[PDB]
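Numbering (the working numbering), first residue to last: 268 to 292.
Report on one structure; see the data block that follows.
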């Protein structure tokens with residue numbers, strides 16, 4: 268069931284936030 272999707276939806280979203288720091292542009 269697609270109930271607690273945010274449980275992983277945040278984890279996968281937290282990754283980008285990291286790489287997003289790589290370099291400056």
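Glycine is no exception: its CB is placed at the ideal position from the N, C-alpha and C atoms.
Item                                                                                                                         : Value
Alpha-carbon to alpha-carbon, residue 268 and residue 274                                                                    : 13 Å
Inter-residue spacing [alpha-carbon to alpha-carbon] between residue 287 and residue 280                                     : 11 Å
Neighbourhood of residue 285 by C-beta distance below 6 Å, restricted to the same chain and skipping five residues each side : none
DSSP state of residue 285 mapped onto helix, strand, coil                                                                    : helix
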